[PDB]
Every structure is written in C-alpha cells, then in structure tokens.
Amino acid sequence: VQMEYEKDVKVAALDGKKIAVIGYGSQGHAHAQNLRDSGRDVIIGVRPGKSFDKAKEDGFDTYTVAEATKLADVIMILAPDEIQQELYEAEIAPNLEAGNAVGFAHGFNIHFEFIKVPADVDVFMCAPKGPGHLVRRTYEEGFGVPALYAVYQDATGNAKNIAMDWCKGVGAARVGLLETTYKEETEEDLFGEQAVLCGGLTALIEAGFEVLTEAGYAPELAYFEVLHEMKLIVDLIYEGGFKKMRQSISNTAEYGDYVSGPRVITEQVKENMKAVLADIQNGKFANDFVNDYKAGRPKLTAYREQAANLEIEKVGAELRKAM
Amino acid sequence: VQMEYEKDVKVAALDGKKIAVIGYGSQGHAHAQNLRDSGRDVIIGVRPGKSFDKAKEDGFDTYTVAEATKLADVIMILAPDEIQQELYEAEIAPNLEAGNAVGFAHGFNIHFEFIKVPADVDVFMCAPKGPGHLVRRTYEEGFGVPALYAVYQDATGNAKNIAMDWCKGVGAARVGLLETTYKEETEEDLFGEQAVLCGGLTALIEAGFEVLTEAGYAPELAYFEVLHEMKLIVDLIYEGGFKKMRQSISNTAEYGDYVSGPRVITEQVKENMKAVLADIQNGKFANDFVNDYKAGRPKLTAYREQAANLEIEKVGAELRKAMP
Ligand SMILES: NC(=O)c1ccc[n+]([C@@H]2O[C@H](COP(=O)([O-])OP(=O)(O)OC[C@H]3O[C@@H](n4cnc5c(N)ncnc54)[C@H](OP(=O)(O)O)[C@@H]3O)[C@@H](O)[C@H]2O)c1
Ligand SMILES: [Mg+2]
Ligand SMILES: [Mg+2]
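Residues numbered from 1 in each chain as written, not as in the entry; some residues may be left out. Chains lettered and ligands numbered in written order. Heavy atoms only, no water.

- Going by the annotation in the PDB entry, the name recorded for chain B is Ketol-acid reductoisomerase (NADP(+)), with Streptococcus pneumoniae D39 given as the source organism.
- The title assigned to this entry in its PDB record is "IlvC, a ketol-acid reductoisomerase, from Streptococcus pneumoniae_WT".
- Looking at chain B in UniProt, the text filed under Sequence similarities is "Belongs to the ketol-acid reductoisomerase family." (UniProt positions renumbered as here; feature names shortened; annotations may be inferred.)

- Looking at the PDB entry, chain A carries the name Ketol-acid reductoisomerase (NADP(+)), with the source organism given as Streptococcus pneumoniae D39.
- UniProt annotates chain A under Sequence similarities with the comment "Belongs to the ketol-acid reductoisomerase family."

This is the structure in structure tokens:
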C-alpha cells in the first residue's frame, strides 16, 4: 500500500451532498467541525441533550437522529460501537434512501455484521489515527491526523471517492491516507489497542510498578521509572523509530533494552498475543463486548472500579498535582 | 517520601564554592549553563576538542579535567558510565582534596563500586529526569525538570545541602525533588528502562508487529497500530494516568484494554521482570555490560546490526519519510 494525499483525491464526491454526523463525542465533534470548516454542508443528529446542547451552541443545526438521517445524502455514524446496532435499526435504517452513503470511523459493526446496510446504499469508512481532540486541533493548525479509508459495499460507484473526500474534508489527506478493507481495519485496530497500545502497555507498566513496589522501592520513585519517563522514550520512537530512541539513550540503557526486552516479552507472550488476535478474528471478543453492554456493562463496571483503585493511579494523581 | 521544592532547600551550600563541571556534552552544558544563570560560579573541565572550545566560546573558563578538578570545591562528573572510571582514576582522583564534593547524575559507578571516592570527600547526586537539552531549555523558560537527589557518603556534613542546592541551581527544585539513595536510584533506573520503558516497550511493539504481519496484515498498517499511535496514548497517560487515556479511547478500545492486557502480560511475565530485577540487584547485569564494553562491545554490536534489519524499522523509516 502507498500513502495518499489531497492530490490523490481525484473527485470531490461530497460536492452537493447534505451530510449528517450522528453523535457528537470524541470523533463526532471533530469530523463535523473540520468538514464544516472545509465548506461542507453538515448537520448533527443526536439524542438529548448534553451532546445535543454543545452541538447547538457550536452553531450546528441539531436534529434527532431520524430527522438528520432523512435530510441527508451522507450519514456518518459516530455513536459508541455498542449502541450503533440498536440506534441504526430504530432511527437510521427507516430513513435511508437508495443512493445514500453510510459512513463509520471504525468497522466493528459492519465487519461483524451487527449492522447490515441495504444493497443500494454505500458503506464507507474514514478512520483517523487519533482521538477527536487531535483530529480537530491538528486541522485548526493547518495540519491533520493520518487516516485509513475503506469501502464495504459500493452501490453507486462513488463510495471510494466519498471515503477519500471525507478524509480530505477532515484534514487527514494533508498528512497521509492508507487504503484498507473493513476486515483489516477492524481486526488490526482491535488487535493493536488490545495487545500493544492500551492493554499491553498499561499491563506492562502496572507489572513493572508492582515488581518495584513489592521489592520495597518507593512507589513515588517507581511512578517516574515506569510511567512518567516513558513519554520521552515514545516521542523518540514516534520521530525516528527504535533507531533514534536507542541512539539517544545511554549505552547502558541501550544494552539493557537489548538484553532484557526479550527476557520480558518472550515467545510465550507472542503466543498470548496470537490468542488475543484469534478471539478478534473469530468474533468472540466482539460478542463479549456487545453482550457486556446488553447486560448493563457489569464487566466494564468492575474493571473501571478496579482501575480507579490502582496504587499507581492514586500515587500518579498525587504526583501530577504536585507538579 | 514527599516531593520537595525550593522552600525545602535549607542551606545555600554552593555559596562561595568553586564548581567544576566535568564534561561538556548536552548534560554537562545544561548543568553548567543553568548554574551560571542561577548565579553560581562554574568552570568546565574536559579533554581537548570540540567541546573544549565550545565551552571556551561559551564564556566558561575552560581547563583540562585534571586542572579543573584541582581548582574546584565541587566536581560534577557528567560523562558516559563507560568512561567515568578511567577518567576518574587518571584525572580526577589525584586532584581531590579533603572536604571536596564529587557529584554524579546517575549512580552506576559509585553504587557498583567501579569508582571509590576517598572517605574525606563527599559524594552526592542530582539526577534530573530528562536529557540535557530539556534540562537547559526548561530552565531557560523559567521552570525545569524534576530530579532525584542522593548522598552516597557524607564526610563534611554538608553533602545533602550541596545536592539539594545543586538541584536548585539547575532548576529542578522549581518543579519537584525526591530524595533517594544511590542504590535505589541505580537499581530502579536500570529496572525501569530494562523491563518497561525501553526493553519491555520495544519488545512489546515488535511482538505485536510480528503477530500482525505473520498473520498476513499489511506492515504499513501494522506500523500505525503498534507504534505510531502509541505516542498519543502515552501522552494521555503522562498527562492524566491510565484514567485519562481510557476516557479518550473508544469504549471498545477500553474494554479490550481491560480484557486483553492481562492475557498478554501475565503472572509469568511479572516473574520474568523479577528475574531482570534480580540481575540488577546482584551485579550480574552491571558486570555483563562492563565486560561487553571492555571486550570491544561485541554483543552491543550484534544487537545494533540486528535492530537495523527489523522490518518495522525499514517500513517505519519509509512511512515517517512520507509524513513530514
Ligand atoms: N474515541 C476515540 O478515540 C476513537 C478513535 C478512533 C475511532 N473511534 C471510533 O469512533 C466511534 C465513536 O467513538 P467516540 O469516542 O467518539 O464515542 P463517544 O466518546 O462515546 O461519543 C458518543 C457520542 O455520541 C452521543 N450519543 C450517545 N448515545 C447516542 C444516541 N442514541 N444517538 C446519538 N448520539 C448518541 C453521545 O452523547 P452523550 O454524551 O449525551 O451520551 C456522545 O456525544 C467509534 O466507533 C470508535 O471506534 C474512536
Ligand atoms: Mg487501535
Ligand atoms: Mg479502536
């Protein structure tokens, strides 16, 4: 795959389209605001009222989801993944017309087929590689967040151009687009956040914190050693890969990196990651997530309360206040 | 342990002291410049070369290491771990006097006793938690970088005040100080970078990249999902802990974090980390590093050439090129 930019957006397919953004949270506010600034005709569809109000104070024509959908040619669904199916069936599906296009910023519901959009309606995706605040902030600074785009079903023959023009309208084409599929986006995105970015990383940090504090080292000092000082390291990797990071740290640190990294992340850990990937591919994780929501979020409830009680989180809150 | 600030620096112990900074790399430069703008009296000692004349052109009275040490009451050694011992024995040790204070910004050589300073000389530490350019820049902007301080041996009774006043001089007390010991600073610093920050992290990213690419997913896309996107995640944790990060990500991502993190980092991984800590505490890692260095860095050489061949590094350099 080769990276694409504004010059690669052959057709301004959002030209003459009424656009409805559904929802107004992390991604919702960012997409709507960026597209508006880009000159697109954008309305908001959302439930009352604390996303509804902010959207109307931000100057948007704000309707119910059903009304916004009925008015629109292009409908981008930016409600939480767990509620998209019920919301789609009740409020969106009845108000679609042939030739419409439905968009997502993550392929979960379409790929796992919790949602099935009619055959005469396009389904596309623009998936920015950052939360909404960054998607918005970078845009405002004349910049952007790179994005993936994909098409799940192309009824009109215009679906790919709609996806790429959406990317352009939100600023992503300023810095780089990569084409993918709904399957690849969904599976790689779930895997990355689970095994490495969020799950893997927080568990790694917490394990390191436990080993130090259980060994008798001060938690305040341990906080810096496994969390606070991570930002400088990851900024280096972001800028110049492992190469730049390892050039920048001391030879003692670099040698420790090479020797101890493989002691910690072993072949068995890689097999653990393969099991995580398997449950993404086979629909188990997806069903577990949706089933937790349907049951009243009991697992998410226990996890959130557990995470609130972590010593590293208590200590870190105190230290970040003291700085 | 409670964080300390400028109000907790009880004695201006560097008052009237002749301060020599050994080394004029980013670290040496930062400490020296900061102390000068804070109103202290600093000279630089370093071998002849680029740094020597940059120091001379920076306005510092610049000498060799031997002569800077001779003139100074307080000698801060800011050179790489691997050259400190040779440099100390040859140039510094024969020029120390009773009542002097020797400083370090990391405890490796003093803790593992590759260097033994005479018992009528103080040994202290100020260890800012950032690289030289950041220590300088933050100070120039009017704040600083937080720091640990410690004392290994106190002959004069002034060693702790010297350490804390040094911290104050380089701007660290503006933002926060934590007292530690040479042993704990050294062991925690080695452990953190080995098990979590550098070793664990790069190995985690690489394993994830391998799992995706071996399963047939595109490497360019995998680069974003295990490496590029980590920066904003860690930025969030830096600013607001796991809590802020998990608020920003989708509920889908957050649930995946809670469920899958423990499947990847298991009890056995924690035991692996305990083994890493053990080799730090028992001197085995320290000896292995020094022995590799004395032997011409053969392990370091093989490791570096292997790292240069990683697919994620080749794909990544190309993508970062494509994203100015
Ligand atoms: N969050 C990220 O960083 C991120 C990154 C990449 C991709 N994505 C994807 O983008 C999509 C949305 O993510 P998100 O973080 O923006 O979710 P979010 O933070 O939970 O935002 C949900 C928004 O939709 C509103 N809402 C709740 N129920 C609604 C309903 N029936 N009808 C209309 N609006 C409703 C919410 O208003 P209330 O507050 O009043 O409930 C809120 O404003 C997901 O598919 C996600 O995978 C997210
Ligand atoms: Mg992800
Ligand atoms: Mg995601």
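From this point on, the discussion continues.
## Some remarks on the overall build of chain A
Move 1: For chain A, the helix and strand inventory stands at 16 helices and eight strands.
Move 2: Computed over its C-alpha atoms, the radius of gyration of chain A comes to 22 Å, within 12% of the 20 Å expected for a compact globule of 323 residues.
Move 3: Dimensions of chain A, computed from C-alpha atoms along their principal axes, come out at roughly 65 × 45 × 40 Å.
Move 4: Looking at the 323 residues of chain A, the share that counts as buried comes to 62%. (Helix = DSSP H or I, 4+ residues; strand = E, 2+ residues; numbered from the N terminus. Rg over C-alpha atoms; globule rule 2.2 N^0.38 Å. Buried < 20%, exposed > 50% of the residue type's maximum accessible area, 1.4 Å probe, protein only.)

## So, the overall build of chain B
Move 1: Scanning chain B from N- to C-terminus turns up 16 helices and eight strands.
Move 2: The principal-axis extent of the C-alpha atoms belonging to chain B is close to 65 × 45 × 40 Å.
Move 3: Within chain B, the fraction of its 324 residues that count as buried is 60%.
Move 4: Considering only contacts in chain B between residues 6 or more positions apart, those separated by 24 or more positions represent 65%.
Move 5: Accessible area of chain B: about 12,700 Å², with a carbon and sulfur share of 48%. (Contact = heavy atoms within 4.5 Å. Areas by Shrake-Rupley, 256 points an atom, 1.4 Å probe, with all protein chains shown as cover.)

## Side note on the coordination of the magnesium ion (ligand 3)
All names here are of chain A.
Move 1: For the magnesium ion (ligand 3), the full set of protein donor atoms is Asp 189 (OD) and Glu 193 (OE), and the range of their distances to it is 2.1 to 2.3 Å.
Move 2: A gap of 4.0 Å separates the magnesium ion (ligand 3) and the magnesium ion (ligand 2), which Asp 189 links by coordinating each metal. Here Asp 189 and its partner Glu 193 are both found in helix 8 (residues 182-197), four residues apart, which amounts to about one turn of the helix.
Move 3: Overall, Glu 193 belongs to the buried group, its relative accessible area being 8%. (Donors = N, O, S within 2.8 Å, 3.2 Å for Na, K, Ca; no water.)

## A short note on the UniProt feature "binding site: substrate" in chain A
All names here are of chain A.
Move 1: Mapped onto this structure's residue numbering, the UniProt feature "binding site: substrate" falls at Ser 250.
Move 2: Tracing the backbone through its elements, the reader meets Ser 250 in the loop between helix 11 (230-248) and helix 12 (251-264).
Move 3: By relative accessible area, which is 39% here, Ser 250 ends up partly exposed.

## Overview of the interface of chain A and chain B
Move 1: Across the contact, 117 residues belong to chain A and 119 residues belong to chain B.
Move 2: Between chain A and chain B, a total of about 10,700 Å² is buried, with carbon and sulfur atoms accounting for 69% of that surface.
Move 3: In this assembly, chain A and chain B are joined by twelve salt bridges.
Move 4: Across the pair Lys 129 of chain B and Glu 229 of chain A runs a salt bridge whose closest N-O atoms are separated by 2.8 Å. (Buried area = accessible area lost by both parts, 1.4 Å probe. Salt bridge = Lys/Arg side-chain N within 4 Å of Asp/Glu carboxyl O.)

## With respect to the sheet that holds strand 4 (residues 74-77) of chain A
Residue and element names in this part refer to chain A.
Move 1: As summarised here, the arrangement of the eight strands in space is 3-2-1-4-5-6-7-8, forming an open sheet in which the pairing is mixed. Two strands in the sheet have a free side with no partner beyond their single neighbour: strand 3 (62-63) and strand 8 (177-179).
Move 2: Where strand 2 (residues 41-45) lies against strand 3, two bridges are found, and the strand directions are parallel. Bridge pairing in strand 3 places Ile 44 opposite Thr 62.
Move 3: With respect to the sheet, helix 1 (residues 26-37) is in contact with strand 1 (18-22), strand 2 and strand 6 (122-128), its orientation differing from that of strand 2 by roughly 160°. (Pairing = 2+ DSSP bridges. Axes fitted to C-alpha atoms, helices over the stretch in contact; angles between N-to-C directions.)

## So, the UniProt feature "binding site: Mg(2+) 1" in chain A
Move 1: UniProt annotation of "binding site: Mg(2+) 1" refers to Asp 189 and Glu 193 of chain A when read in the numbering used here.
Move 2: Aside from chain neighbours lying at most four places away, what touches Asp 189 of chain A is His 106 and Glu 184 of chain A together with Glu 225 of chain B.

## A closer look at the packing of aromatic side chains
Move 1: With the rule as written, the count across this model stands at 24 aromatic pairs over all chains.
Move 2: Each ring, one from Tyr 303 of chain A and one from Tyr 258 of chain B, has its centre 5.2 Å from the other, and the planes form 20°; the classification is stacked. Pair noted here: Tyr 303 of chain A is in helix 15 (residues 298-308) and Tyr 258 of chain B is in helix 12 (residues 251-264), and the two residues belong to different chains.
Move 3: Since its relative accessible area comes to 8%, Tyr 258 of chain B is described here as buried.
Move 4: Taking the centre distance of 5.2 Å and the plane angle of 65° together, the rings of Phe 108 of chain B and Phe 112 of chain B count as edge-to-face. An identical accessibility class is assigned to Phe 108 of chain B and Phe 112 of chain B; each is buried.
Move 5: By way of ring pairs, the aromatic residues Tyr 255 and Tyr 258 of chain A together with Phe 108, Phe 112, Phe 114, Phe 285, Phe 289, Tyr 293 and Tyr 303 of chain B are connected into one cluster. (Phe/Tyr/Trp six-rings, centres within 6.5 Å; stacked < 30°, edge-to-face > 60°.)

## Notes on the packing of helix 9 (residues 199-214) of chain A against helix 11 (residues 230-248) of chain B
Move 1: At a minimum axis distance of 12 Å, the contact between helix 9 of chain A and helix 11 of chain B shows a crossing angle of 85°. Between helix 9 of chain A and helix 11 of chain B, the angle falls in the class roughly perpendicular. Residue-level contacts link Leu 201, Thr 202, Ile 205 and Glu 206 of chain A of helix 9 of chain A to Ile 233, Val 234, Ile 237, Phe 242, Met 245 and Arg 246 of chain B of helix 11 of chain B.
Move 2: Residues that form the contact of helix 9 of chain A with helix 11 of chain B fall into these classes: seven nonpolar, one polar and two charged. (Parallel < 35°, antiparallel > 145°, perpendicular 65-115°, else oblique. Nonpolar A, V, L, I, M, F, W, Y, C, P; charged D, E, K, R; others polar.)

## Re the UniProt feature "binding site: NADP(+)" in chain B
Move 1: UniProt records the feature "binding site: NADP(+)" at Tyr 24, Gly 25, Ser 26, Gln 27, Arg 47, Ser 51, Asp 81, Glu 82, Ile 83, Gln 84 and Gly 132 of chain B, using the numbering of this structure.
Move 2: By secondary structure assignment, the location of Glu 82 of chain B is in helix 4 (residues 81-92).
Move 3: Look past the residues within four positions of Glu 82 of chain B in its chain and what remains in contact with it is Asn 251 and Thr 252 of chain A together with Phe 289 and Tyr 293 of chain B.
Move 4: At 2.8 Å, the side chain of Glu 82 of chain B forms a polar contact with the side chain of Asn 251 of chain A. (Polar contact = N/O pair within 3.5 Å; in protein donor to acceptor, adjacent residues only side chain to side chain.)

## Section: the site of ligand 1
Move 1: Lining the immediate environment of ligand 1, one finds 23 residues, of which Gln 27, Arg 47, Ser 51 and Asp 81 of chain A together with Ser 248 of chain B sit closest.
Move 2: Among the chains of the assembly, those with residues near ligand 1 are chains A and B.
Move 3: Within the contact set of ligand 1, an oxygen atom lies 2.6 Å away from a side-chain nitrogen or oxygen of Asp 81 of chain A.
Move 4: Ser 250 of chain B places a main-chain nitrogen or oxygen 3.4 Å from a nitrogen atom of ligand 1.
Move 5: Expressed as a share of its isolated accessible area of 900 Å², the protein-covered part of ligand 1 is 82%.
Move 6: Those elements that place two or more of their residues in the shell around ligand 1 are helix 1 and helix 4 (81-92) of chain A.
Move 7: Per element, the largest residue contribution to the shell around ligand 1 is four residues, and it comes from helix 4 of chain A.
Move 8: Within the shell around ligand 1, the residues separate by chemical class into eleven nonpolar, nine polar and three charged. (Near = heavy atom within 4 Å.)

## Let's talk about the environment of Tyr 88 of chain A
Residues and elements named next belong to chain A.
Move 1: With respect to the helices and strands, the residue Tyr 88 is situated in helix 4.
Move 2: Counting along the chain gives eleven residues from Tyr 88 to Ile 77, while the straight-line C-alpha distance between them is 8.7 Å.
Move 3: Ignoring sequence-local partners within four residues, the contact set of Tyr 88 consists of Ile 77, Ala 93, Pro 94, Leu 96, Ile 115, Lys 116, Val 117 and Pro 118.

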